[PDB]
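Report on the following structure.
Numbering (the deposited numbering), first residue to last: 12 to 570.
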């Protein structure tokens with residue numbers, strides 16, 4: 012009965028609405044926003060449902076986004092628009108709409124042309140769930156400072172990530188990333204109408220939003236569109252962040268009742284006619300046993316596009332794109348939580364047999380090093396290195412499994428990215444943080460997903476509670492450790508967005524911090540560890556990171 016909780020939150024948001032409205036310009040027409048309160052009695056102007064593309068319906072389904080049609084009059088932006096079609100993470104039922112290509116703009120005062128720092132949040136959700144609704148991403152904490160915060164949506168699932176090899180069909184893939192490109196172009200061209208500085212834009216995101224932010228730093232499509240990036244628990248070279256899905260359109264069509272054969276034209280024609288909820292509901296069945304054994308987790312997502320087009324986002328694997336990426340030359344901050352893999356708590360309680368995967372660890376070997384059968388003696392050798400890093404006793408444990416997950420999915424791809432990126436870049440700084448603040452008094456819905464009630468440890472996504480208001484949040488006393496962490500986390504992100512350096516002597520407990528960026532010559536990474544105190548420390552994960560790297564001793568050119 013999270014349904015009642017959604018109702019109570021809707022009525023809270025009515026009580027936080029004021030009668031004051033304001034009209035702002037966009038390149039396509041005027042928009043009306045509304046002034047809202049927070050539970051802390053701050054206030055901000057809220058513009059939701061600003062279109063940046065034409066609704067991708069009919070023959071626009073699966074295709075790159077088109078510019079929207081301009082309007083006379085004033086478009087109402089005092090309420091949100093639908094999220095992209097997806098399976099509701101709680102109810103299990105399809106929700107959302109194909110008409111989802113919107114962004115929201117928030118700022119405590121509307122002062123056009125006054126060059127406030129702009130922060131752009133790209134949500135996570137594995138490219139299959141998420142939204143910019145304020146029940147998860149309320150701007151209530153950021154608007155305490157004079158920034159412009161923008162939260163985008165983009166197409167999810169098969170509707171965002173279908174990819175077909177046939178050049179004549181112009182469905183090369185990555186429609187959802189092309190949505191992000193269009194939104195970032197809109198932001199550069201329009202943020203000044205909301206008081207934002209088009210010469211000082213920061214893009215940030217968590218989980219798949221971090222992979223997205225990184226993709227937006229890699230692709231030539233966005234060269235020069237923004238000026239700082241923050242990658243929170245992910246990047247574009249994480250193994251979960253891309254997949255070659257060109258063959259899976261036929262499978263999806265067949266699951267949905269398609270009667271034809273495997274050719275892209277006939278498959279596309281069926282998929283264009285299908286109801287969107289039917290396709291999205293069936294996506295969870297698309298992966299094969301062999302794909303799941305090889306730890307492909309999602310059937311549709313960012314892909315290397317099979318041929319070049321004007322709007323192409325990923326012309327090569329992200330590892331190769333790092334070598335020429337424009338975003339290597341902007342200030343960058345990266346980090347993770349102190350127990351990322353706690354995300355898998357509930358999965359391990361449902362299928363305890365997953366721990367048996369740790370006996371040899373062959374399925375965790377990077378796909379570029381493994382054979383498809385996962386039986387080659389070389390693959391077993393490499394699994395043995397993973398097992399040494401994470402199996403503490405005899406029989407592996409669930410905690411060993413969760414520790415391994417922190418590394419395969421977050422820490423090791425971070426390390427690989429840092430080391431690859433050093434071999435390029437103009438010298439621009441990269442700063443590391445580690446979010447290590449544990450509380451059950453201020454939470455967000457991800458804790459429900461992982462059965463995290465009563466569970467100690469700082470899991471994947473727990474930091475979001477200190478950046479965004481959400482419907483499970485509560486007002487915290489000014490003197491509480493949770494309130495102080497809100498101020499610290501938003502404050503550091505705003506400081507970084509403003510100057511490209513995350514340090515400020517005005518943040519409580521940060522005065523005696525010397526936070527240097529990582530150097531090429533560093534053998535041990537240093538990070539700002541954020542707990543009840545702020546302290547620079549050697550990354551505790553370093554030794555296990557180096558053990559993962561040792562898997563590439565015989566394949567250094569692949570590292």
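By construction, the Cβ of each residue, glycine as well, lies at the ideal position given by its N, Cα and C atoms.
ask   = Taking 8 angstroms as the CB-CB cut-off, is residue 493 touching chain C?
value = Absent from the structure: chain C. Only one protein chain is present.
Residue 469 vs residue 340 beta-carbon contact at 8 angstroms = no
inquiry  = Relative to the C-alpha of residue 249, which candidate in 312, 124, 293, 189 has its C-alpha closest?
reply    = 312
query = If you drop the 5 nearest sequence neighbours on each side, which residues of the same chain put their C-beta closer than 7 angstroms to that of residue 133?
reply = 163, 191, 214, 216, 220, 223, 224
query = In angstroms, rounded to a whole number, what distance separates the CA positions of residue 59 and residue 307?
reply = 35 angstroms
message = I need the straight-line Cα distance from residue 74 to residue 67, nearest angstrom please.
response = 8 angstroms
query = When the Cα atoms are used, what is the spatial distance from residue 103 to residue 295?
reply = 11 angstroms
message = Can you tell me where the beta strand (DSSP E) holding residue 165 begins and where it ends?
response = It is not in any beta strand (DSSP E) - residue 165 carries neither H nor E in the DSSP assignment.
task = Could you name each continuous beta strand (DSSP E) segment of 3 residues or more that falls completely within the region 384-452, going from the start of the chain to the end?
result = 441-446
request  = Out of 408, 319, 524, point me to the one whose CA is closest to residue 178's CA.
outcome  = 319
task = Along the alpha helix (DSSP H) that carries residue 330, what are the first and last residues, could you check?
result = 329-332
ask   = Going by alpha carbons, who is nearest to residue 35 out of 28, 194, 43?
value = 43
message = Check this for me: beta carbons of residue 530 and residue 548, under 8 angstroms apart or not?
response = no
query = Who are the Cβ neighbours of residue 482 in its own chain at under 6 angstroms, not counting the five residues just before and after it?
reply = 20, 146
message = How far does the alpha helix (DSSP H) with residue 254 in it extend, from its first residue to its last?
response = Looking at the DSSP string, residue 254 is not in any alpha helix (DSSP H), and its letter there is neither H nor E.
Close beta carbons around residue 99, own chain, < 6 angstroms, minus the five adjacent residues each side = 106
ask   = Are the beta-carbon atoms belonging to residue 293 and residue 260 less than 8 angstroms from one another?
value = no
query = So residue 287 is in the alpha helix (DSSP H); what residue range does that whole segment cover?
reply = 287-293
query = What residue does the beta strand (DSSP E) around residue 549 start on, and which one ends it?
reply = 545-549
message = Can you list, in chain order, the residues of its chain with a C-beta nearer than 7 angstroms to that of residue 310? Leave out the 5 residues immediately preceding and following it.
response = 256, 259, 294, 297, 298
task = Report the partner residues of residue 480 according to the DSSP bridge assignment.
result = 149
ask   = Alpha carbon to alpha carbon, what distance is there between residue 168 and residue 474?
value = 25 angstroms
request  = Work out the CA separation of residue 478 and residue 524 for me, nearest whole Å.
outcome  = 21 angstroms
key: Coil, strand or helix - residue 560 by DSSP   = helix
inquiry  = Going by C-alpha to C-alpha distance, which of 461, 187, 447, 127 sits closest to residue 212?
reply    = 127
query = In terms of DSSP beta bridges, what is residue 343 paired with?
reply = 240, 441
inquiry  = On the CB-based measure, 16 or more other CB atoms within 10 Å of its CB, does residue 438 come out buried or exposed?
reply    = exposed
task = In angstroms with no decimal places, state the Cα-to-Cα distance between residue 89 and residue 82.
result = 17 angstroms
request  = Over the uninterrupted beta strand (DSSP E) stretch that includes residue 538, give me the two end residues.
outcome  = 537-541
query = What first and last residue would you give for the alpha helix (DSSP H) that runs through residue 359?
reply = 356-361
key: Cα-Cα separation between residue 512 and residue 345, rounded to whole angstroms   = 12 angstroms
ask   = Who are the near neighbours of residue 277 in its chain, counting only those whose CB is closer than 6 angstroms to its CB and skipping five residues on each side?
value = 271
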